[PDB]
There are 2 protein chains.
Amino acid sequence: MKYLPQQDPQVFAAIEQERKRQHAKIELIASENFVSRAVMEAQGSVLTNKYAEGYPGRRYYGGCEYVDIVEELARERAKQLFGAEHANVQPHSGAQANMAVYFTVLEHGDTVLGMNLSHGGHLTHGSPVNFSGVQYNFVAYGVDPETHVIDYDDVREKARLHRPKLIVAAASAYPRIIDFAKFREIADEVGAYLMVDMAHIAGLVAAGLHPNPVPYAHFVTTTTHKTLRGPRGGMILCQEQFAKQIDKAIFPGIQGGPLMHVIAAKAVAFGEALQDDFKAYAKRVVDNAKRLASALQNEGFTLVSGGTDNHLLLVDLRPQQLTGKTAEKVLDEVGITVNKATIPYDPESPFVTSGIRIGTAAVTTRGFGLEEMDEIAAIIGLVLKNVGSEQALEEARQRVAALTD
Amino acid sequence: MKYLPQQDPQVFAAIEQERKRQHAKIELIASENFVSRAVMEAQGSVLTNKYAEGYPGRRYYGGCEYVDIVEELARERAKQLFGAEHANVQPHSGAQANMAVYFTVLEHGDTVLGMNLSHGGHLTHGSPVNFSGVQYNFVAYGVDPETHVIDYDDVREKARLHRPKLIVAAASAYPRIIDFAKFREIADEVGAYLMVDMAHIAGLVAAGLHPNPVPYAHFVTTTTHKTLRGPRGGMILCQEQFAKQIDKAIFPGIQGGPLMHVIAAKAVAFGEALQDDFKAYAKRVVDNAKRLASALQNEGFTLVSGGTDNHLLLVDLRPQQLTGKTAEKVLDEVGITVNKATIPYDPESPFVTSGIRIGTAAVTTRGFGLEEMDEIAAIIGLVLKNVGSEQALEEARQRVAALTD
Ligand SMILES: *Cc1c(COP(=O)(O)O)cnc(C)c1O
Ligand SMILES: *Cc1c(COP(=O)(O)O)cnc(C)c1O
């Protein structure tokens, strides 16, 4: 940076702390990643200066010729990446992407069926303190108590009983492949729309390492950040028959001016995802997650669903008589970043939990491989088996430092 | 830029076109401005990589120590700037700021009283194609047919008849000072909350050049961009008694993860606004607007309300037998950027209009002064009085080029 250090010493010092923190820590939060310098440059551009309400070639303001090119690059690259008939790259966030789809097909009080929030469902899939649960009548399907895999007969029964207008598939803490074909079959049986929120798995979908929801879902929502490794924001994909309605839902429906600089950064990220090396990256993500899962089991940890098909895993800490909160806290002391997470049928509250959620997207971006997964698992074992030993925690600290260099 | 040109030639070429366009054109769109290099660097930072759901010291994820510093800098500087008891700097946009306030105090179907959308009210103040008009029962107050000033007796009568739970004051196309004291008096009479949407005038409020709504309003919403000259985004200010509710409305209410890099940029912008030179800038904005108004009247143009108290003016083009659409189009041909705008009691549709809206914030940022205002008015006169003369339009083109260098 050139201008920030001089103009705003306080803000610059804090940013610099954050940058150094990002390098020093082992980031295992499943939603996290590190974007490229090109992505950052794009959202640090003069495009922040442009109002462009509306859509390419259909704007409310003049002078949008070039931001139109940018937005269209984003839309076309997204369509290439996911094989979607239509993309809306304007959503400010994953929350707003979901908000727009809900606004499109639902009326206030309509019934929606989503994944149980304690089993992997997201806040925006019907939490009673979120607009979703306040504005619509959410009901939930569960995972099997033993296998922790989505019970598709439960999805079906809930759908048939409650007759939702919309079924939501996808998750923020589900370690297995989701069967979108079965979701669509159930949706068809009850005459419901199917929305798939692929935020966590979008990068894996782009790389052909998770089945693509696009052919089965009426609407697909996503973050551009997370496994897709883009700037912070949202996106909607849908069939052409819903394009006009979805676009109107975003604007003038729920948003005003789009963030054109962030949209530029989205275009850049999609460009990167279209490359062969992103496919290799995403495979390493999944490979690393399997390896980490295996290595954790070697240390004596129990994993929700007994492993992972994707980028993330959940450790059930009940065998170690630890809460997720305790684990999160002590790992923070040694420089490993995880979050507490409810495990299916968790006896603890969501604010304490019996689990931790772990993902490999971030460490994989940093160049970590299988050997590093083994060592991360070993450090986690050392820490969680010796929570009262400052000697053990100091060793862990040093081993974490060795990994981050 | 260093990395974008190599990584993404297509995106870079479009960005470069946009940058050159921003320099070449005379930007008179009232909502537009040009942010500092420091602001851009801040939102081009690694802070995009951090999930920080929740609030400073009360986050859902670990590792937020430094982004907490950044957010708190934003909140404290905002409180200094506007004398507010509480700030929420997380809203993704002005639309989301408004959305959160609505979510806080209203139930589905509640009555809200806002400014007539054809008289200066914003889309998010009850448009039937916007969430505001769909989710709540909006009624409108008007300006006087002759003076084009808000009719406060009409505000009062509408309030007493319709008994709104919420009254909204503020505008996207109102050229006069708004009397927030009178709005609060009316709100008090009918037991309604008062929300002031100061998006357009926020920079002027910060510089003491427009009365501050904070002491009179329960809630103040704003964009961080526009006259405040910050990054693209939103903010809510409120009394401490609503702080918890407002914070919960933003998260977990209507948004997910905040844009920490944009919040950094907000902090930077507020820092800039706190400086003496921003006060001088804002005075030049208002001075330039008066001068431009005066100069346009000298050319024979009629202005809505007969002039301006702020950064913006509206030309009533009926005396010249032109639509706003025609004016917008021809000015685009010579390198002057305006937008068509409905004038109070406009006989045309909102898609054709009898007016153009013009603001001076952008040209003032570029260093334009009184002499430049005179010349801009003269060029506008030349163009709109000679719409069929390519000779006149070419002269205008050359005069515009002379101004932008
Ligand atoms: C992260 C996530 C979201 C929310 O995205 P934000 O950008 O934080 O609003 C929504 N749905 C799912 C499944 C997510 O993982
Ligand atoms: C510009 C504006 C908005 C909307 O802000 P976005 O950032 O475009 O969502 C809302 N209210 C008023 C008065 C505005 O001027």
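Residues numbered from 1 in each chain as written, not as in the entry; some residues may be left out. Chains lettered and ligands numbered in written order. Heavy atoms only, no water.

- Structure determination for this PDB entry is given in the record as X-ray crystallography, at a resolution of 1.74 Å.

### Some details on the relation of the copies chain B and chain A
Step number 1: Least-squares fitting of chain B to chain A yields an RMSD of 0.0 Å, with the superposition described by an axial translation of 0.0 Å and a rotation of 180°. Given the turn and translation reported, the copies of this chain are related as if by a two-fold rotation axis. Relative to the rotation axis, the C-alpha of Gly 44 of chain B is the closest in chain B, positioned 1.9 Å from it.
Step number 2: Here 100% of the interface residues in chain B have copies in chain A that are interface residues too; the copies meet face to matching face. (Least-squares fit on C-alpha atoms. Contact = heavy atoms within 4.5 Å.)

### Concerning the domain arrangement of chain A
Residue and element names in this part refer to chain A.
Step number 1: If you check the domain split of chain A, you get domain 1 (1-32 + 284-405) and domain 2 (33-283).
Step number 2: Taken residue by residue, the interface counts 30 residues in domain 1 and 28 residues in domain 2.
Step number 3: Buried surface at the junction of domain 1 and domain 2, both sides included, amounts to about 2,600 Å², of which 55% is carbon and sulfur.
Step number 4: At the junction of domain 1 with domain 2, the criterion picks out three salt bridges.
Step number 5: A salt bridge links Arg 176 to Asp 309; the nearest nitrogen and oxygen atoms lie 2.8 Å apart.
Step number 6: Counting across the domain 1 and domain 2 interface gives 24 residue pairs in polar contact. (Domains from an automatic or database assignment. Buried area = accessible area lost by both parts, 1.4 Å probe. Salt bridge = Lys/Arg side-chain N within 4 Å of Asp/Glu carboxyl O. Polar contact = N/O pair within 3.5 Å; in protein donor to acceptor, adjacent residues only side chain to side chain.)

### Here's the deal with the sheet that holds strand β14 (residues 339-341) of chain A
Through backbone hydrogen bonds, the strands of a sheet pair up, either in parallel or in antiparallel fashion.
All names here are of chain A.
Step number 1: Pairing within the open sheet is antiparallel, and its four strands lie in the order β11-β12-β15-β14. Edge positions in the sheet fall to β11 (302-303) and β14, since each of these pairs with one other strand and no more.
Step number 2: Sheet analysis places strand β12 (residues 312-316) next to strand β15 (residues 355-359), joined by five bridges and oriented antiparallel. Looking across to β15, one finds that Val 315 is bridged to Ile 356.
Step number 3: Along the sheet, helix α12 (residues 276-298) makes contact with β11, β12 and β15, crossing β12 at roughly 15°. (Pairing = 2+ DSSP bridges. Helix = DSSP H or I, 4+ residues; strand = E, 2+ residues; numbered from the N terminus. Axes fitted to C-alpha atoms, helices over the stretch in contact; angles between N-to-C directions.)

### Some thoughts on the interface of chain B and chain A
Step number 1: Opposite the 81 residues of chain B that make contact, chain A presents 81 residues.
Step number 2: Buried surface at the junction of chain B and chain A, both sides included, amounts to about 7,300 Å², of which 58% is carbon and sulfur.
Step number 3: Among the ionic pairs, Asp 8 of chain A bridges to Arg 77 of chain B, the shortest N-O distance being 2.7 Å.
Step number 4: Our enumeration of links across chain B and chain A arrives at 43 residue pairs in polar contact.
Step number 5: If you tally residues by element for the side of chain B that touches chain A, the top one is helix α2 (residues 9-24) of chain B, at nine residues.
Step number 6: Each residue belonging to the side of chain B that touches chain A can be placed in one class, and the counts come to 40 nonpolar, 26 polar and 15 charged. (Nonpolar A, V, L, I, M, F, W, Y, C, P; charged D, E, K, R; others polar.)

### Some points on the site of ligand 2
Step number 1: Taken together, 17 residues form the shell around ligand 2, and within it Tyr 51 and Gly 257 of chain A together with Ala 95, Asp 197 and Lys 226 of chain B come nearest.
Step number 2: Near ligand 2, the surrounding residues belong to chains A and B.
Step number 3: Contact between ligand 2 and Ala 95 of chain B: an oxygen atom at 2.9 Å from a main-chain N or O atom of the residue.
Step number 4: The side chain of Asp 197 of chain B places a nitrogen or oxygen atom 2.6 Å from a nitrogen atom of ligand 2.
Step number 5: Alone, ligand 2 offers 390 Å² of accessible surface; in the complex the protein occludes 98% of this.
Step number 6: Considering only residue class, the shell around ligand 2 consists of four nonpolar, 11 polar and two charged. (Near = heavy atom within 4 Å. Areas by Shrake-Rupley, 256 points an atom, 1.4 Å probe, with all protein chains shown as cover.)

### Considerations on the pattern of salt bridges
Step number 1: Overall, the coordinates contain 46 salt bridges over all chains when judged by the stated rule.
Step number 2: Here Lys 79 of chain B makes a salt bridge to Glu 76 of chain B, at a shortest N to O gap of 2.7 Å. Of this pair, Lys 79 of chain B and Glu 76 of chain B are both found in helix α4 (residues 65-82), three residues apart, which corresponds to roughly one turn of the helix.
Step number 3: Residue classification places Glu 76 of chain B among the partly exposed positions, given a relative accessible area of 37%.
Step number 4: As a salt-bridge pair, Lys 165 of chain B and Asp 110 of chain B come within 3.3 Å of each other at their nearest N and O atoms. Separated by 55 residues along the polypeptide, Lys 165 of chain B in the loop between α7 (152-162) and β7 (166-169) and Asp 110 of chain B in the loop between α5 (94-105) and β5 (111-115) bring together distant segments of the chain.
Step number 5: For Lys 165 of chain B, a relative accessible area of 35% translates into the label partly exposed.
Step number 6: Within the structure, one salt-bridge network assembled from shared partners comprises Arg 59, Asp 68 and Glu 71 of chain A. (Buried < 20%, exposed > 50% of the residue type's maximum accessible area, 1.4 Å probe, protein only.)

### Considerations on the pairing of strand β12 (residues 312-316) of chain B
Residue and element names in this part refer to chain B.
Step number 1: Burial runs high along β12: five of the five residues are buried.
Step number 2: Residues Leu 312, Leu 314 and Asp 316 point to one face of β12 and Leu 313 and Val 315 to the other, with burial holding for every one of them.
Step number 3: Examined bridge by bridge, strand β11 (residues 302-303) and β12 share two bridges and lie antiparallel to one another. Bridging from a neighbouring strand, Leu 303 pairs with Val 315 of β12.

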